[PDB]
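Engineer: Structure incoming, see below.
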Amino acid sequence: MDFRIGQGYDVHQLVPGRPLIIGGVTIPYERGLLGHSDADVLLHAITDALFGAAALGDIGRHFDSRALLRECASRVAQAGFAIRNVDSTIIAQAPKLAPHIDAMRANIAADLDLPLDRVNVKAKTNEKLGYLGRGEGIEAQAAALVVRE
Amino acid sequence: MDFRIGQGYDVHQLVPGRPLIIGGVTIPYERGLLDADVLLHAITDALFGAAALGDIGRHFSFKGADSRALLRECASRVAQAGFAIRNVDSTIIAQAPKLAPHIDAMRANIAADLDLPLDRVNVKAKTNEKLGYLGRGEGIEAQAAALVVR
Amino acid sequence: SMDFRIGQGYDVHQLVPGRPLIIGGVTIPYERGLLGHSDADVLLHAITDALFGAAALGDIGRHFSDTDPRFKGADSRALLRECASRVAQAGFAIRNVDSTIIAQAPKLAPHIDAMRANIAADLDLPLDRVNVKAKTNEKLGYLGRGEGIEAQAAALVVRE
Ligand SMILES: Nc1ccn([C@@H]2O[C@H](COP(=O)(O)OP(=O)(O)OP(=O)(O)O)[C@@H](O)[C@H]2O)c(=O)n1
Ligand SMILES: Nc1ccn([C@@H]2O[C@H](COP(=O)(O)OP(=O)(O)O)[C@@H](O)[C@H]2O)c(=O)n1
Ligand SMILES: Nc1ccn([C@@H]2O[C@H](COP(=O)(O)OP(=O)(O)O)[C@@H](O)[C@H]2O)c(=O)n1
Ligand SMILES: [Zn+2]
Ligand SMILES: [Zn+2]
Ligand SMILES: [Zn+2]
């Protein structure tokens, strides 16, 4: 009965000499995301959306990115919540992400102890507009539903 | 009950020589989007998201299908997976033109296409305060959220 | 009862000299503040839009139009409270609110709990059903240059 929603946002810069790691999947690319972790922009957005839904603050109040997402899952359960579903969008002009998506999903499902059909990941270009459109960064948006058991 | 949430995003460049079609409604304007219906794309993505069926690109690579047909085909696929739609909410970010006059039309299109009571569909509008490409009239963005139940 | 609905909201405002910085109803010590017709509380407007959105009552402009002079310098908390009242009058109880503020500066952490408390008070909710998150934009874009602050919101309600 006690449903809650959460929403998450992250962005990271694309820089030289860094691997591109999105949703736990390493992707061949001439740049990668800049950050104090592996800078996995998708997993940060989902992490914030889960903390948001459980009213536990945000990632920076709490903290590689899969370990952090697993810890997030732990704290959400610690607070009395179970995760019903996650959905997300990755905004990246390049590279193409569609062939890596089911893998990201599998990664996320494992990390949150959820079946595949409750996790979703989607991708969009930014039509060459703004910093996203010139490939200067990548954005992720997330939504999460939990229930307080 | 087994509720699920989905979220959607889209953006399109704003240029002359195309008509402005948002939420299935053609809007008097000197420019249009490169139908490129940013609102219906966002919502479609939100619905596939809630059902966990990937995204609009994965379903529709439909050669001469407008975004309303795509939206209708989206809804049918969501139904087939066991999910009934509960509501949709959305925001259009457009520095111009004025969209308020067109909102009831957009909601009527969407509610028709999703087979929903009008009071379960909402569309909102915002400017970008002259900031960025949106605030300079170089593009328009849509955001959407959908709740479904299986 | 099980008639749940979701809403989402978005707002942005320019950051300029000579205005008070008010986010989540908290006045933040800062050499700049948000520009708008009301007090420009970007976070509260985003949450307000999300609530109207969940209830299918249109948007903040429909209810409290910037073409109306009475909302000049309007207290966005009073606006949030009227929004919640109209949402309740449409038949909805609010279950939770989540949100994100994106700003290069100032540091918002020391003010976040107070924002959450204001919102909880205005929505007549306990603290554990309201969340506020803060993000930098990693130095990217007009947000990264400090030209504005953006807020995003999500709300879940139930028709009683
Ligand atoms: N393309 C647009 C832009 C906005 N609006 C209407 O104008 C209202 C106000 O838009 P906006 O100026 O972006 O809102 P705020 O900036 O939050 O207002 P304020 O400055 O008072 O905070 C919206 O809610 C909407 O009803 C519209 O119909 N079409
Ligand atoms: N203007 C801001 C922005 C973020 N923050 C805090 O900083 C943390 C996140 O910062 P960030 O966006 O740099 O996170 P990363 O993307 O670097 O992981 C959160 O805990 C926020 O509450 C803040 O206090 N003030
Ligand atoms: N980096 C990306 C971007 C998009 N895509 C796919 O491409 C589709 C269309 O994206 P787009 O940005 O061209 O969207 P529209 O131009 O159709 O609005 C998405 O729905 C995804 O399926 C991808 O696989 N990888
Ligand atoms: Zn991050
Ligand atoms: Zn599109
Ligand atoms: Zn505002």
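By order in the structure tokens, chains are A, B, ...; within a chain, residues start at 1; ligands start at 1, following the order shown.
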Please extract the residues at most 8 Å from ligand 6, counting only C-alpha atoms and all ligand atoms, and provide them as a ChimeraX atom specification, using the chain letters and residue numbers of this document.
Structural biologist: /C:11-13,36,38,40-46
Engineer: Keeping only N, CA and C atoms, write the selected residues to a file as a PDB file, in the first residue's frame.
Structural biologist:
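What landed in again_10.pdb:
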ATOM      1  N   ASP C  11      11.729  23.251 -13.328  1.00  0.00           N
ATOM      2  CA  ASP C  11      11.842  24.700 -13.375  1.00  0.00           C
ATOM      3  C   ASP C  11      13.309  25.118 -13.479  1.00  0.00           C
ATOM      4  N   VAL C  12      13.536  26.300 -14.042  1.00  0.00           N
ATOM      5  CA  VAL C  12      14.857  26.942 -14.032  1.00  0.00           C
ATOM      6  C   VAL C  12      14.671  28.450 -13.875  1.00  0.00           C
ATOM      7  N   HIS C  13      15.653  29.104 -13.261  1.00  0.00           N
ATOM      8  CA  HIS C  13      15.690  30.555 -13.122  1.00  0.00           C
ATOM      9  C   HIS C  13      17.124  31.057 -13.244  1.00  0.00           C
ATOM     10  N   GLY C  36      12.834  36.087 -11.106  1.00  0.00           N
ATOM     11  CA  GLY C  36      11.515  35.691 -11.595  1.00  0.00           C
ATOM     12  C   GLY C  36      10.473  36.693 -11.130  1.00  0.00           C
ATOM     13  N   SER C  38       7.606  35.976  -9.180  1.00  0.00           N
ATOM     14  CA  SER C  38       7.473  35.674  -7.753  1.00  0.00           C
ATOM     15  C   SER C  38       8.876  35.694  -7.104  1.00  0.00           C
ATOM     16  N   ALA C  40      10.819  33.478  -7.109  1.00  0.00           N
ATOM     17  CA  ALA C  40      11.668  32.683  -7.999  1.00  0.00           C
ATOM     18  C   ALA C  40      12.184  31.369  -7.373  1.00  0.00           C
ATOM     19  N   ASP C  41      11.428  30.803  -6.428  1.00  0.00           N
ATOM     20  CA  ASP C  41      11.854  29.585  -5.741  1.00  0.00           C
ATOM     21  C   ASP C  41      11.735  28.419  -6.710  1.00  0.00           C
ATOM     22  N   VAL C  42      12.846  28.107  -7.355  1.00  0.00           N
ATOM     23  CA  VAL C  42      12.855  27.135  -8.441  1.00  0.00           C
ATOM     24  C   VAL C  42      12.420  25.746  -7.946  1.00  0.00           C
ATOM     25  N   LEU C  43      12.842  25.388  -6.738  1.00  0.00           N
ATOM     26  CA  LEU C  43      12.516  24.061  -6.202  1.00  0.00           C
ATOM     27  C   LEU C  43      11.035  23.941  -5.938  1.00  0.00           C
ATOM     28  N   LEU C  44      10.444  24.929  -5.273  1.00  0.00           N
ATOM     29  CA  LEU C  44       9.027  24.862  -4.952  1.00  0.00           C
ATOM     30  C   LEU C  44       8.143  24.895  -6.203  1.00  0.00           C
ATOM     31  N   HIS C  45       8.535  25.648  -7.226  1.00  0.00           N
ATOM     32  CA  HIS C  45       7.752  25.688  -8.455  1.00  0.00           C
ATOM     33  C   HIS C  45       7.730  24.329  -9.161  1.00  0.00           C
ATOM     34  N   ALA C  46       8.884  23.669  -9.186  1.00  0.00           N
ATOM     35  CA  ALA C  46       9.002  22.341  -9.723  1.00  0.00           C
ATOM     36  C   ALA C  46       8.094  21.355  -8.958  1.00  0.00           C
TER      37      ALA C  46
END
Engineer: Using only C-alpha atoms and a cut-off of 6 Å, which residues of chain B sit close to chain A? Please list them as JSON, numbers by chain.
Structural biologist: {"B": [4, 6, 49, 52, 54, 55]}
Engineer: Around ligand 2, out to 10 Å and counting only C-alpha atoms and all ligand atoms, which residues are there? I want them as a VMD selection string.
Structural biologist: (chain A and resid 9 to 13 34 to 41 44 to 45 48 57 to 63 65) or (chain C and resid 100 to 112 132 to 139 146 149)
Engineer: Could the residues in this selection be saved with N, CA and C atoms as a compact mmCIF listing (two decimals), in the first residue's frame?
Structural biologist:
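Now in again-v4.txt:
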# COMPACT_ATOMS: atom_id res chain seq x y z
N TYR A 9 19.01 12.20 -11.44
CA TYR A 9 19.69 12.88 -12.52
C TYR A 9 21.19 12.85 -12.26
N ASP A 10 21.98 12.57 -13.29
CA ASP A 10 23.43 12.80 -13.23
C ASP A 10 23.96 13.18 -14.60
N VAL A 11 25.08 13.87 -14.62
CA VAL A 11 25.82 14.11 -15.85
C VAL A 11 27.32 14.04 -15.53
N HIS A 12 28.14 13.60 -16.49
CA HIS A 12 29.59 13.59 -16.34
C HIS A 12 30.27 14.02 -17.65
N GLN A 13 31.44 14.64 -17.51
CA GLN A 13 32.22 15.04 -18.69
C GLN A 13 32.86 13.85 -19.40
N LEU A 34 34.45 11.46 -16.74
CA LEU A 34 35.29 12.01 -15.67
C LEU A 34 34.51 12.02 -14.36
N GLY A 35 35.16 11.54 -13.30
CA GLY A 35 34.52 11.49 -11.98
C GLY A 35 35.43 10.85 -10.94
N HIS A 36 35.07 11.02 -9.67
CA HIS A 36 35.86 10.49 -8.56
C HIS A 36 35.72 8.97 -8.39
N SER A 37 34.84 8.35 -9.19
CA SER A 37 34.64 6.90 -9.21
C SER A 37 34.98 6.41 -10.62
N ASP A 38 34.37 5.31 -11.06
CA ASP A 38 34.31 4.99 -12.49
C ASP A 38 33.33 5.93 -13.24
N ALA A 39 32.71 6.86 -12.51
CA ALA A 39 31.86 7.88 -13.12
C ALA A 39 30.73 7.29 -13.98
N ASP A 40 30.16 6.16 -13.54
CA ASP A 40 29.04 5.53 -14.25
C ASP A 40 27.77 6.37 -14.05
N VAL A 41 27.51 7.23 -15.04
CA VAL A 41 26.44 8.23 -14.97
C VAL A 41 25.07 7.58 -14.80
N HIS A 44 24.72 6.17 -11.16
CA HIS A 44 24.52 7.31 -10.24
C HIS A 44 23.08 7.84 -10.28
N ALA A 45 22.50 7.96 -11.46
CA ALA A 45 21.12 8.45 -11.54
C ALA A 45 20.16 7.48 -10.87
N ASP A 48 20.57 7.73 -6.97
CA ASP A 48 19.84 8.90 -6.45
C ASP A 48 18.33 8.72 -6.47
N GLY A 57 17.90 11.11 1.40
CA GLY A 57 18.82 12.16 0.92
C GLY A 57 19.32 11.89 -0.50
N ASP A 58 20.64 11.94 -0.72
CA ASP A 58 21.22 11.72 -2.04
C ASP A 58 22.58 11.01 -1.99
N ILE A 59 23.16 10.69 -3.15
CA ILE A 59 24.41 9.93 -3.19
C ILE A 59 25.53 10.58 -2.39
N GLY A 60 25.66 11.90 -2.51
CA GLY A 60 26.75 12.64 -1.85
C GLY A 60 26.66 12.67 -0.34
N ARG A 61 25.45 12.57 0.19
CA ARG A 61 25.24 12.40 1.62
C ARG A 61 25.68 11.02 2.10
N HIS A 62 25.73 10.04 1.19
CA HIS A 62 26.04 8.66 1.54
C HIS A 62 27.47 8.27 1.17
N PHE A 63 27.95 8.74 0.02
CA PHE A 63 29.23 8.30 -0.54
C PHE A 63 30.07 9.50 -1.01
N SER A 65 31.05 1.94 -9.16
CA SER A 65 29.66 2.39 -9.05
C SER A 65 28.65 1.28 -8.81
N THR C 100 15.33 17.17 -7.04
CA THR C 100 16.75 17.46 -7.26
C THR C 100 16.92 18.96 -7.59
N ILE C 101 17.91 19.58 -6.97
CA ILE C 101 18.34 20.93 -7.34
C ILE C 101 19.68 20.78 -8.04
N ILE C 102 19.85 21.46 -9.16
CA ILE C 102 21.14 21.49 -9.81
C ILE C 102 21.68 22.91 -9.79
N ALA C 103 22.83 23.07 -9.15
CA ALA C 103 23.47 24.36 -8.98
C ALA C 103 24.98 24.18 -8.79
N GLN C 104 25.78 24.97 -9.51
CA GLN C 104 27.25 24.99 -9.34
C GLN C 104 27.60 25.45 -7.93
N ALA C 105 26.90 26.49 -7.47
CA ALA C 105 27.10 27.06 -6.15
C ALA C 105 25.84 27.83 -5.76
N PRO C 106 25.66 28.11 -4.45
CA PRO C 106 26.56 27.74 -3.34
C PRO C 106 26.36 26.30 -2.93
N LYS C 107 27.10 25.86 -1.91
CA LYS C 107 26.89 24.53 -1.32
C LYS C 107 25.49 24.52 -0.71
N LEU C 108 24.67 23.54 -1.07
CA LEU C 108 23.28 23.49 -0.59
C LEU C 108 23.06 22.52 0.57
N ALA C 109 24.04 21.65 0.82
CA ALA C 109 23.95 20.64 1.87
C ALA C 109 23.52 21.22 3.23
N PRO C 110 24.16 22.32 3.67
CA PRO C 110 23.77 22.87 4.98
C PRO C 110 22.34 23.43 5.07
N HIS C 111 21.63 23.52 3.94
CA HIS C 111 20.26 24.06 3.89
C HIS C 111 19.19 23.04 3.50
N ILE C 112 19.62 21.86 3.05
CA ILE C 112 18.71 20.85 2.51
C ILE C 112 17.66 20.36 3.51
N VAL C 132 14.83 15.96 -0.80
CA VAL C 132 15.48 16.96 -1.63
C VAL C 132 16.92 16.56 -1.85
N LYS C 133 17.33 16.53 -3.11
CA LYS C 133 18.69 16.15 -3.52
C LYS C 133 19.32 17.36 -4.21
N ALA C 134 20.64 17.43 -4.13
CA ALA C 134 21.41 18.52 -4.74
C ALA C 134 22.52 17.94 -5.61
N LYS C 135 22.68 18.49 -6.81
CA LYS C 135 23.71 18.10 -7.76
C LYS C 135 24.41 19.34 -8.31
N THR C 136 25.73 19.26 -8.54
CA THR C 136 26.40 20.19 -9.44
C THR C 136 26.07 19.67 -10.83
N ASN C 137 26.41 20.42 -11.87
CA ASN C 137 26.26 19.92 -13.25
C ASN C 137 27.61 19.54 -13.87
N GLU C 138 28.57 19.18 -13.01
CA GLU C 138 29.94 18.84 -13.43
C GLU C 138 30.57 19.90 -14.36
N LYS C 139 30.34 21.17 -14.06
CA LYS C 139 30.96 22.29 -14.79
C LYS C 139 30.47 22.45 -16.23
N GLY C 146 27.17 28.73 -13.78
CA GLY C 146 26.50 29.46 -12.70
C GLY C 146 25.52 30.52 -13.17
N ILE C 149 19.89 28.15 -11.82
CA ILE C 149 19.69 26.95 -11.02
C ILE C 149 18.42 26.27 -11.54
Engineer: Counting only C-alpha atoms, which residues of chain B come no farther than 9 Å from chain C, as a PyMOL selection string?
Structural biologist: chain B and resi 1+3+5+86-91+93+100+103+118-132+143-147
Engineer: Near residue 127 (chain C), within 9 Å and counting only C-alpha atoms, which residues show up once chain neighbours fewer than 4 positions away are dropped, as a PyMOL selection string?
Structural biologist: (chain A and resi 55) or (chain C and resi 116-117+119-121+131)
Engineer: Which residues, written as a PDB file with C-alpha atoms, in the first residue's frame, have at least one atom at most 7 Å from residue 24 (chain B), with only C-alpha atoms counted and residues fewer than 5 positions away on the same chain left out?
Structural biologist:
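File produced: result_22.pdb:
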ATOM      1  CA  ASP B  37       6.451  15.248 -32.197  1.00  0.00           C
ATOM      2  CA  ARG B  68       0.231   9.327 -32.902  1.00  0.00           C
ATOM      3  CA  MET B 106      -2.918  17.809 -26.894  1.00  0.00           C
ATOM      4  CA  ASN B 109      -5.160  13.504 -28.654  1.00  0.00           C
TER       5      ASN B 109
END
Engineer: Kindly provide, as a ChimeraX atom specification, all nucleotide and amino acid residues lying within 12 Å of ligand 5, counting only C-alpha atoms and all ligand atoms.
Structural biologist: /A:123-127 /B:8-14,21-23,33-45,55-57,60,66-67,70-71,139-143
Engineer: Store the residues of this selection in a file with N, CA and C atoms, as a CSV table (one decimal), in the first residue's frame.
Structural biologist:
chain,number,residue,atom,x,y,z
A,123,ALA,N,17.9,4.9,-24.4
A,123,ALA,CA,18.9,5.8,-24.9
A,123,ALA,C,18.4,6.8,-25.8
A,124,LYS,N,19.0,8.0,-25.8
A,124,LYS,CA,18.6,9.1,-26.7
A,124,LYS,C,19.8,9.9,-27.1
A,125,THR,N,19.9,10.4,-28.3
A,125,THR,CA,20.9,11.4,-28.7
A,125,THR,C,20.3,12.8,-28.2
A,126,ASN,N,21.1,13.8,-28.3
A,126,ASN,CA,20.6,15.2,-28.0
A,126,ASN,C,20.4,16.0,-29.3
A,127,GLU,N,20.3,15.4,-30.4
A,127,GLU,CA,20.2,16.1,-31.7
A,127,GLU,C,21.2,17.2,-32.0
B,8,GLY,N,10.3,9.5,-19.6
B,8,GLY,CA,10.6,9.8,-21.1
B,8,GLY,C,11.2,11.1,-21.3
B,9,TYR,N,12.1,11.2,-22.3
B,9,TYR,CA,12.7,12.4,-22.7
B,9,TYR,C,12.8,12.5,-24.2
B,10,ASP,N,12.8,13.7,-24.7
B,10,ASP,CA,13.1,14.0,-26.1
B,10,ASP,C,13.4,15.4,-26.3
B,11,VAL,N,14.0,15.7,-27.5
B,11,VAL,CA,14.4,17.0,-27.9
B,11,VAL,C,14.5,17.0,-29.4
B,12,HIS,N,14.1,18.1,-30.0
B,12,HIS,CA,14.2,18.3,-31.5
B,12,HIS,C,14.6,19.7,-31.8
B,13,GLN,N,15.4,19.9,-32.8
B,13,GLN,CA,15.8,21.1,-33.3
B,13,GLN,C,14.6,21.9,-33.9
B,14,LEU,N,14.6,23.2,-33.7
B,14,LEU,CA,13.6,24.1,-34.1
B,14,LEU,C,14.1,24.9,-35.3
B,21,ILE,N,4.5,20.6,-34.8
B,21,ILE,CA,3.6,19.6,-34.3
B,21,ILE,C,4.0,19.1,-33.0
B,22,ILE,N,3.2,19.4,-31.9
B,22,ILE,CA,3.4,19.0,-30.6
B,22,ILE,C,2.1,18.4,-30.0
B,23,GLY,N,2.2,17.2,-29.4
B,23,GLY,CA,1.1,16.5,-28.9
B,23,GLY,C,0.0,16.2,-30.0
B,33,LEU,N,9.8,21.5,-36.0
B,33,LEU,CA,10.8,20.6,-35.5
B,33,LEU,C,11.3,19.6,-36.5
B,34,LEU,N,12.6,19.3,-36.5
B,34,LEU,CA,13.2,18.4,-37.5
B,34,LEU,C,13.4,17.0,-36.9
B,35,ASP,N,6.8,13.3,-38.1
B,35,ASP,CA,6.4,14.7,-37.7
B,35,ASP,C,7.3,15.3,-36.6
B,36,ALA,N,8.2,14.5,-36.0
B,36,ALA,CA,9.1,15.1,-34.9
B,36,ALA,C,8.4,15.6,-33.7
B,37,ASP,N,7.3,14.9,-33.3
B,37,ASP,CA,6.5,15.2,-32.2
B,37,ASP,C,7.1,14.9,-30.9
B,38,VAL,N,7.9,15.9,-30.4
B,38,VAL,CA,8.7,15.7,-29.2
B,38,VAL,C,7.9,15.3,-28.0
B,39,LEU,N,6.7,15.8,-27.8
B,39,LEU,CA,5.8,15.4,-26.7
B,39,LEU,C,5.4,14.0,-26.8
B,40,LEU,N,4.9,13.5,-27.9
B,40,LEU,CA,4.5,12.1,-28.0
B,40,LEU,C,5.6,11.1,-28.0
B,41,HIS,N,6.8,11.5,-28.5
B,41,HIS,CA,8.0,10.6,-28.3
B,41,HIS,C,8.3,10.4,-26.8
B,42,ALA,N,8.4,11.5,-26.1
B,42,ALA,CA,8.6,11.4,-24.6
B,42,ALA,C,7.6,10.5,-23.9
B,43,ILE,N,6.4,10.6,-24.2
B,43,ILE,CA,5.3,9.8,-23.6
B,43,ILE,C,5.5,8.3,-24.0
B,44,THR,N,5.7,8.1,-25.2
B,44,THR,CA,5.9,6.7,-25.8
B,44,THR,C,7.0,6.0,-25.0
B,45,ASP,N,8.1,6.7,-24.9
B,45,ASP,CA,9.3,6.2,-24.2
B,45,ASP,C,8.9,5.9,-22.7
B,55,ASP,N,12.9,0.8,-25.5
B,55,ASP,CA,12.6,2.1,-25.9
B,55,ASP,C,12.0,2.3,-27.3
B,56,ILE,N,11.6,3.5,-27.6
B,56,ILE,CA,10.9,3.7,-28.9
B,56,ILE,C,11.7,3.3,-30.1
B,57,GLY,N,13.1,3.6,-30.1
B,57,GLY,CA,13.9,3.2,-31.2
B,57,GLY,C,14.0,1.7,-31.4
B,60,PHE,N,10.4,0.8,-33.0
B,60,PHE,CA,10.1,1.5,-34.3
B,60,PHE,C,11.4,2.0,-35.0
B,66,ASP,N,3.0,8.5,-38.4
B,66,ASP,CA,3.2,9.7,-37.5
B,66,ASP,C,3.2,9.3,-36.1
B,67,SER,N,3.6,10.2,-35.2
B,67,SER,CA,3.9,9.9,-33.8
B,67,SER,C,2.6,9.4,-33.0
B,70,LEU,N,2.4,5.7,-33.8
B,70,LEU,CA,3.5,5.1,-33.0
B,70,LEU,C,3.0,5.0,-31.5
B,71,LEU,N,2.4,6.1,-31.0
B,71,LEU,CA,1.9,6.1,-29.7
B,71,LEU,C,0.8,5.1,-29.5
B,139,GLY,N,15.7,24.8,-30.0
B,139,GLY,CA,15.1,23.5,-29.9
B,139,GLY,C,14.0,23.5,-28.9
B,140,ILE,N,13.3,22.4,-28.8
B,140,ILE,CA,12.2,22.3,-27.8
B,140,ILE,C,12.4,20.9,-27.1
B,141,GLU,N,12.1,20.8,-25.8
B,141,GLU,CA,12.3,19.6,-25.1
B,141,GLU,C,10.9,19.1,-24.5
B,142,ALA,N,10.7,17.8,-24.4
B,142,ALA,CA,9.6,17.3,-23.7
B,142,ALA,C,10.1,16.3,-22.6
B,143,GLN,N,9.4,16.3,-21.4
B,143,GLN,CA,9.6,15.3,-20.4
B,143,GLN,C,8.2,14.6,-20.1
Engineer: In Å, how far is it from atom 13 (O, counted along the ligand's line) of ligand 1 to CA of residue 52 (chain A)?
Structural biologist: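 Interatomic distance, atom 13 (O, counted along the ligand's line) of ligand 1 to CA of residue 52 (chain A): 25.1 Å.
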Engineer: Using Å and a single decimal, report how far CA of residue 49 (chain A) sits from CA of residue 79 (chain B).
Structural biologist: 26.3 Å
Engineer: From a DSSP calculation on the backbone, collect every residue of region 46-150 of chain B in helix (DSSP H, G or I) and output the set as a PyMOL selection string.
Structural biologist: chain B and resi 46-51+56-59+67-80+100-114+118-120+132-135
Engineer: Of the candidates A:77, A:43, A:50, A:22, which shows the shortest atom-to-atom distance to ligand 3, using only C-alpha atoms and all ligand atoms?
Structural biologist: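 Comparing A:77, A:43, A:50, A:22 against ligand 3, the winner is A:22.
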